[PDB]
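Colleague: experimental structure and sequence below, a few questions after.
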Amino acid sequence: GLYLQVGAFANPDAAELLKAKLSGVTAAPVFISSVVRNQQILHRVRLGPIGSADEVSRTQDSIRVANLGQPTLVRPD
Ligand SMILES: CC(=O)N[C@H]1[C@H](O[C@H]2[C@H](O[C@H](C)C(=O)O)[C@@H](NC(C)=O)[C@@H]3OC[C@H]2O3)O[C@H](CO)[C@@H](O[C@@H]2O[C@H](CO)[C@@H](O[C@@H]3O[C@H](CO)[C@@H](O)[C@H](O)[C@H]3NC(C)=O)[C@H](O[C@H](C)C(=O)O)[C@H]2NC(C)=O)[C@@H]1O
């Protein structure tokens, strides 16, 4: 399973909004993974698991077309 991260936010509404928008441009599960980092809560907007490298590439393209951020491969935490 391959995962992308599209943004990471201190504001939870910003993370939830990005999650909602991403659900309109991919069929992969979109979720928020929140962690403590640098004494703050960081809400990381991720999607996956994606079943193939080619689908990752096309999903990255769709996210860029939608102007939603810079979709980056991540290892799930
Ligand atoms: C793809 C991704 O997740 N990018 C985020 C980025 O990630 C790093 C990361 O490096 C490692 C993990 C590390 O830092 O240890 C790595 N990516 C991954 C996935 O691992 C890669 O190398 C560098 C970079 O990419 O982290 C930064 C924080 O350091 C995230 O930055 C956030 O960017 C968003 C989008 O620009 C900010 O939101 C915007 O804020 C402006 C005002 O500043 C508003 O006017 C905009 O409306 C708002 N956009 C949206 C869509 O809401 C975001 O700041 C806001 C204020 C927030 O935190 O709520 C900013 N977050 C932080 C914590 O700085 C980047 O998303």
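Modeller: Right, received. Where do you want to start? Numbers count the residues shown, from 1 in each chain.

Colleague: where do the helices of the chain begin and end?
Modeller: In the chain, the helices defined using DSSP state H lie at 12-23, 53-65.

Colleague: residue 46 is nearest to which of those?
Modeller: helix 12-23 (8.9 Å; Cβ to Cβ). (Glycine included, C-beta is placed from N, CA and C.)

Colleague: any idea how far the closest one is from the chain center?
Modeller: 9 Å (Cα atoms, centre = their mean, to the nearest Å).

Colleague: would you mind measuring from residue 77 to the ligand?
Modeller: 10 Å (Cβ to the nearest ligand atom, to the nearest Å).

Colleague: which positions in the chain make contact with the ligand?
Modeller: Within the chain, the positions lying close to the ligand (Cβ under 6 Å from any ligand atom) are 5-11, 14, 18, 42, 69-70, 72, 74.

Colleague: just these: which are in strands?
Modeller: Members of those lying in strands (criterion: DSSP state E): 5-9, 42, 72, 74.

Colleague: could you flag which of those are buried?
Modeller: By neighbour count, with 16 or more other Cβ atoms under 10 Å, these hold 5-9, 74 as buried.

Colleague: pick out the most distant pair among the residues you listed.
Modeller: The span of those, defined through Cβ to Cβ, is set by 9 and 74 at 15.1 Å.

Colleague: what's stretch 24-39 in contact with?
Modeller: Stretch 24-39 is contacted from outside by 12, 15-16, 19, 22-23, 41-50, 55, 59, 62-63, 65-66, 68, 76-77, using Cβ atoms under 8 Å, 6 or more residues apart in numbering.
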